[PDB]
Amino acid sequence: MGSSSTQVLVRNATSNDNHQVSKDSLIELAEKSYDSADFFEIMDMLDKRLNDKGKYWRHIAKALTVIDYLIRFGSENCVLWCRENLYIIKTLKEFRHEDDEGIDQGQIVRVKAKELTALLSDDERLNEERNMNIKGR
């Protein structure tokens, strides 16, 4: 316990309410990724969320949404981190979860993981997104 404001930001942005991440949160997390202390707290909490159990699949989905935004709008260090920690992302391409209503929620995790890894393989695409999004990279 005892959180920096960045830690509260990233936790709130990846919490187990609904899988949709606020635009507010994403913009602030991308801005904060350029700060050294913030970057590590952001990436470490994101790693924890990704590693959560199936019941908390919303933690995983939202973490992946945050990671996608970060590599598209955040510090180059976010891309670096992903490549160093690609394994957890890649395994999530096959994550599975059916909820108590019989709904395939795991497909949400799988699509986000598959998008992120596809993007990370597509240097042309990621480079142009980042040039476009980041003034002046």
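Numbers follow the displayed sequence, beginning with 1.
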item	value
Residue stretch of maximal mean CA temperature factor, 36-44 vs 60-68	36-44
Stretch with the greater mean C-alpha B-factor as recorded in the entry, comparing 105-113 against 45-53	45-53
Entry-reported Cα temperature factor of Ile27, expressed as the chain third it lands in	middle
Within-chain third of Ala118 by Cα B-factor, per the entry	lowest
Third assignment of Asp99 from its chain's C-alpha B-factors	middle
